[PDB]
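One chain comes next, on its own, written out as structure tokens in the form deposited in one PDB entry.
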């Protein structure tokens, strides 16, 4: 029955608290530069209207689309044009174009103040008003991460409240809190980047691209499931993801809850690992299901060669329904190989497709396709060889030195990219060494390829907004499945014209001496990028000499009596020695 008030329905389904949270998240993601207490006022107006429609669904306006109602609140914001410029032009449109226009203005790098955890203040805020404290967390994250997957953010906010519940009772609040914040922050940044990649997949490559990624991932998690159980779940899951990517946050959350319930009702057909998820309350249940471990591969699965290489009829089977035959290939390959990266499984399925396209046209197709697994294996061997070599490099240098080796590599590949992005991306890539290299053998390929696909996606999302390198545009737009190898294959960009030495990056005031370590690292890594932008062909030894003099010089002026005097008067010596080392 379609005679439904949508707002009433979502309020009925989700409950007041989650409804309010999701509405607050929607406003914070679309209007990232509005204060908390202004969005709270809008949430409260829409909650009062929802409750009116719950009481009486025939009440005037209860029949508007939820998204239409929300858009209307946006366009009634007095400071819309003033703060968001021509985002206010979006107000002239009809749905769904109005919404697509709003989504166009979400800012991926709003460069908002860095949140410093002050444990004494936060514990006071928390004790003062817990709900406010909860909403302030949803607002601060959502406005920094405007594609953050909204129901997961509700889950993280409950865990964030739990952290303060335990830690505020301690004597040293700081010692309890800070390691937990740190843990949270890494999990929330990864989560943001994961959902950002799902949104950019849908938008730039079609919803079929995301479906293929999810078929591969779900078949590895739930290897006893039938192909059509996987395609049903992937279909519902992709609709949830797309709804969240399109800002339909109440519908995304409501659908997600229905999917969690479906998976728990069918847990016998899917995975034994689901049992611990399925008695949890709804947000925790869903989270637990998304993070579930790969079930054990069943015994007795026939070898892949039986259907895909050995069988006489591969071409006939393929030609009858090419898409279904390849989806089934992907599913069969993925359930069998939890130790492969999902992107490697997609690359395997693409190459299997190209082989059949080629072989099935020949006189004797079977002699040509019988050996396809030998043609495929280089797609497993190449990433395995890269992972071994990059994890060695990581163990040789440590995380910071590995970040610096990545700075050199990426600035050579993409020297037109702005310095702060080269630094951010190289720092994130270096942390993949920390996150993955010490893992069990069967987890290293999924771990490193997954993180690379998140971080290269972040580069692609930034570069889409201000494209400066043709080679980045090619790697970012050509094919999602080959994005990571496309970047690995970039060498020194030969079209790049060097800039003059940008000496501000090698000149400091005394306040450098008391920067926290992360910030000192960033100052040094920024200089390193700038070296390469001035001298793209500089040798690793030249770079090392320079950077060694650099740290020697900062060390010396930091230990001076008159620090600023040293930096200012001795500074040009560093700048001349740097130009000599590079000559």
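Here, rigid core means the biggest group of C-alpha atoms that superpose within 1.5 Å across both forms. Numbering follows the first chain given and starts at 1.
The same protein has a further form, the form deposited in another entry, not shown here; the description that follows concerns it.
Per-residue Cα shift between the shown form and the other one after core alignment stays below 2 Å for all of 442, 491, 83, 165 except 83. Core-superposed comparison between the shown form and the other one: the Cα of residue 557 travels 2 Å or more. In the core-superposed comparison between the shown form and the other one, residue 470 has its Cα shifted by less than 2 Å. The Cα shift for residue 426 between the shown form and the other one, taken after rigid core superposition, is smaller than 2 angstroms.
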